[PDB]
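Trainee: This is the structure I want to talk about, given as structure tokens.
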Amino acid sequence: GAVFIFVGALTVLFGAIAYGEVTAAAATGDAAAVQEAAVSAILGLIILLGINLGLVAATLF
Amino acid sequence: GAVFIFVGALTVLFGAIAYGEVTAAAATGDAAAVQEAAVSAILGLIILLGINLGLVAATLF
Amino acid sequence: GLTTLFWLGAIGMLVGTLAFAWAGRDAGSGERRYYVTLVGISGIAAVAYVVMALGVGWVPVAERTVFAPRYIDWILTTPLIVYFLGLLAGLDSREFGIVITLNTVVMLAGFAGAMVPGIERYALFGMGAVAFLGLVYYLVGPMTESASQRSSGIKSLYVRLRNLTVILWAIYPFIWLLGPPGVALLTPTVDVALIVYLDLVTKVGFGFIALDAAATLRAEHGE
Amino acid sequence: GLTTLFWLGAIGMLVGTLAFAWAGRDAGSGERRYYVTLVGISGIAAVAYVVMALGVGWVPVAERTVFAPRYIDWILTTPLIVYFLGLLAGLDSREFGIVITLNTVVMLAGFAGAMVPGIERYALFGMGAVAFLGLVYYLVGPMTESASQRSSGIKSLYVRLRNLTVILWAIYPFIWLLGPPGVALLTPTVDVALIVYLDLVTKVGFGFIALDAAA
Ligand SMILES: *C/C=C(C)/C=C/C=C(C)/C=C/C1=C(C)CCCC1(C)C
Ligand SMILES: *C/C=C(C)/C=C/C=C(C)/C=C/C1=C(C)CCCC1(C)C
Ligand SMILES: CCCCCCCCO[C@@H]1O[C@H](CO)[C@@H](O)[C@H](O)[C@H]1O
Ligand SMILES: CCCCCCCCO[C@@H]1O[C@H](CO)[C@@H](O)[C@H](O)[C@H]1O
């Protein structure tokens, strides 16, 4: 019940951190640099979704 | 049990789709194009979490 | 690829449709329209996805693209889902008319908003959003009370499907707002992928949950 | 910002430490060890994050940065977590020695691997990964059976902490593999952010679960 809000809020926070690296990379004008930041963000979020699901499974079950 | 495997696997599939757009944009050389694909990927993955958690909440509680 | 995603949607809906048709082949008098309804829900969705996969109905609006068969699908299938929930809840004609009306306003609003440029599209969004809140109220209030006047098995199934419906449908307007019709931060591909996933769960997943409970309902009154 | 994330980790650990210290102020003879252990788990982690936040212990290793205090933290606090679990399970010295040994191999391997260039780092990773599976075996096998022989309250708390521990600890090697020590697909900031989150749950989150159960 309260885990969801926590999980949801941390995800938008990590999302903001990810978007931050991407735009910083974009300010360079180097496409490959943005790609690097982007795959990091993508893999980071997949892992983050794993932590949250794991935290949900460990706490609510 | 079954849901977490389904949810997990679908997360990697959407990840691959997101990564595909990012690399497709990077092949244009346009850093703004990559940033554009990246924010879509980030926001998409966040929405995906909401769906997964929603599904878990719906079918296991 | 967009067309690939549409094909995946079409195949998923088709599998659901056949499974629901097969499962209901021996259904008694009291269960038959529930199976028929499920077949209709995923069958129409199957048509919409095949049509889009064939590259039909892709309407150019300004610089974004609006997939007309998607909203047509929605306008026609969502009231059938509401109808299914209403049968479980045991609604009368009056009560059905209320919730179907609200549902229709939601889907008309979203379609119209997708076709309109500028500030107006948010006004149309607002209409659907408020209508959706009204629909949720009926689903969780009066209709839940109505379902409580039936067997524990029926109420149980109703609650399960209601929770699935309320939770997941609430995700759709965020995809609209962030996607092409809204601020366009989600690419068409990502928009389509998320909706395929949602469409499959809210219709096919919805159906298999109902299917899984059928035997319990049958044993509840002597069989 | 790395130092900001490090600071956030420090603050989180500190709040946890204080909370656990306060909770066990009136603890009896049968509970004192548990609170003291929790204090040590989050307290040491607090020191490591502060040190990193002040920019100390950042080691350059072949085009990547290795955060030494992080691994030293792991080497020292994870056996305390295992110790806590072992107390619940009711282990004796011999059994404790087994699980602490396996745990130590995991942390040493990750640390050594992070500081070694080339394919050797994966050999070191493998050593850690295998020892981790050994540890998981004990937690879900013998230690679970040992915990089952105690009261249902203790058994339930053990299982709850076991599950949190096994599930979330298993995520660390994937971050190691995909992060800077491995294929370096995760930027240092993303790697650090993920680890801060995991550390806080596996120590502070761990503690609050235990506090709730003792209540
Ligand atoms: C099987 C397809 C389904 C269940 C589609 C459901 C779509 C909705 C619940 C859409 C809701 C919307 C709002 C609430 C706001 C305006 C935008 C809409 C139409 C997307
Ligand atoms: C509070 C900090 C904690 C609970 C850290 C736990 C770290 C692990 C479980 C690390 C495991 C690793 C492997 C299993 C493989 C080799 C790489 C390691 C050390 C990261
Ligand atoms: C596809 C899953 C089948 C769900 C069938 C639910 C119907 C169980 O209940 C039915 O309700 C009918 C009213 O609609 C009545 O005729 C009977 O009370 C009963 O047969
Ligand atoms: C916040 C951490 C609280 C967890 C403490 C749980 C321990 C309760 O367990 C106790 O262990 C005692 C020590 O041997 C024994 O006296 C008893 O077996 C038991 O009452």
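Going by the structure tokens order, chains are called A, B, ..., each with residues numbered from 1, while ligands are numbered from 1 in the order shown.
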Could you give me the residues within 6 Å of ligand 1, counting only C-alpha atoms and all ligand atoms, as a PyMOL selection string?
Mentor: chain C and resi 74+78+106-107+109-110+125+128-129+132+169+172-173+176+199+202-203
Trainee: May I have the residues within 7 Å of ligand 2, computed using only C-alpha atoms and all ligand atoms, as a count of residues only?
Mentor: 22
Trainee: Please, what distance in Å, to one decimal, runs between atom 17 (C, counted along the ligand's line) of ligand 3 and CA of residue 30 in chain C?
Mentor: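 Separation between atom 17 (C, counted along the ligand's line) of ligand 3 and CA of residue 30 in chain C: 4.8 Å.
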Trainee: Compare C:118, C:141, C:1, C:86 by their minimum atom-to-atom distance to chain B, counting only C-alpha atoms, and give me the closest one.
Mentor: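 Under the stated criterion, the closest residue is C:1.
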Trainee: Using only C-alpha atoms, find the residues of chain D whose closest atom to chain A is at most 7 Å away, then write them as a list in words.
Mentor: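 The complete set of qualifying residues is residues 160, 163, 164, 167, 168, 185, 186, 187 and 190 of chain D.
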Trainee: Would you kindly return, as a ChimeraX atom specification, each protein, DNA or RNA residue with an atom no farther than 7 Å from any atom of range 147-155 of chain D, considering only C-alpha atoms and excluding same-chain residues fewer than 2 positions away?
Mentor: /D:88-90,143-145,157-159
Trainee: Residues at most 8 Å from ligand 4, using only C-alpha atoms and all ligand atoms? Could they come as a CSV table (one decimal) with N, CA and C atoms, in the first residue's frame?
Mentor:
```csv
chain,number,residue,atom,x,y,z
D,20,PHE,N,17.7,3.0,14.9
D,20,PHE,CA,18.0,1.7,15.5
D,20,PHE,C,18.5,1.8,16.9
D,23,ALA,N,15.6,2.8,19.2
D,23,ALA,CA,14.6,1.7,19.3
D,23,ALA,C,15.1,0.7,20.4
D,24,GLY,N,16.4,0.4,20.4
D,24,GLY,CA,16.9,-0.6,21.3
D,24,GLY,C,17.4,-0.1,22.7
D,29,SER,N,17.9,-8.6,27.6
D,29,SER,CA,19.1,-9.5,27.3
D,29,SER,C,18.9,-10.3,26.0
D,30,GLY,N,17.7,-10.5,25.6
D,30,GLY,CA,17.4,-11.3,24.5
D,30,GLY,C,17.3,-10.6,23.2
D,31,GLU,N,17.4,-9.3,23.2
D,31,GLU,CA,17.2,-8.4,22.0
D,31,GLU,C,18.4,-7.5,21.8
D,32,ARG,N,19.2,-7.2,22.8
D,32,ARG,CA,20.2,-6.2,22.7
D,32,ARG,C,21.2,-6.5,21.5
D,33,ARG,N,21.6,-7.7,21.4
D,33,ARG,CA,22.6,-8.1,20.3
D,33,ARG,C,22.0,-7.7,18.9
D,34,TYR,N,20.7,-7.8,18.7
D,34,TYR,CA,20.1,-7.5,17.4
D,34,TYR,C,20.2,-6.0,17.1
D,35,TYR,N,19.8,-5.2,18.1
D,35,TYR,CA,19.9,-3.7,17.9
D,35,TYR,C,21.3,-3.2,17.7
D,38,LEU,N,22.4,-4.0,14.2
D,38,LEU,CA,21.7,-3.1,13.2
D,38,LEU,C,22.5,-1.7,13.2
D,88,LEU,N,19.0,-15.3,14.4
D,88,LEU,CA,17.6,-15.6,14.3
D,88,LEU,C,17.4,-17.1,14.0
D,150,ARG,N,12.5,-22.9,15.8
D,150,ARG,CA,12.2,-21.9,16.9
D,150,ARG,C,10.7,-21.5,16.8
D,151,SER,N,10.4,-20.5,17.6
D,151,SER,CA,9.0,-20.0,17.6
D,151,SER,C,8.6,-19.4,16.3
D,154,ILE,N,9.8,-15.9,15.4
D,154,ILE,CA,11.2,-15.8,15.0
D,154,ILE,C,11.3,-16.3,13.6
D,207,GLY,N,16.5,-3.2,8.6
D,207,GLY,CA,16.4,-2.9,10.1
D,207,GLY,C,15.0,-2.5,10.5
D,208,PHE,N,14.3,-1.7,9.7
D,208,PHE,CA,12.9,-1.3,10.1
D,208,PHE,C,12.0,-2.5,10.0
D,210,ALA,N,12.8,-5.5,10.9
D,210,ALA,CA,13.1,-6.1,12.1
D,210,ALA,C,12.5,-5.4,13.3
D,211,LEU,N,12.6,-4.1,13.3
D,211,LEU,CA,12.0,-3.3,14.4
D,211,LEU,C,10.5,-3.5,14.5
D,212,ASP,N,9.9,-3.5,13.3
D,212,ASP,CA,8.4,-3.7,13.2
D,212,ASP,C,8.0,-5.1,13.8
D,213,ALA,N,8.8,-6.1,13.5
D,213,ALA,CA,8.5,-7.5,14.0
D,213,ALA,C,8.7,-7.6,15.5
D,214,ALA,N,9.7,-7.0,16.0
D,214,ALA,CA,10.0,-7.0,17.5
D,214,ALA,C,8.9,-6.3,18.3
```
Trainee: Output as a PyMOL selection string the set of chain A residues within 6 Å of chain B, with distances taken over only C-alpha atoms.
Mentor: chain A and resi 26+29-31+38
Trainee: Can you tell me which residues surround residue 66 in chain D at a distance of at most 9 Å, considering only C-alpha atoms, apart from same-chain residues fewer than 5 positions away, and format the answer as a ChimeraX atom specification?
Mentor: /D:57-61,111,114-115,180-181
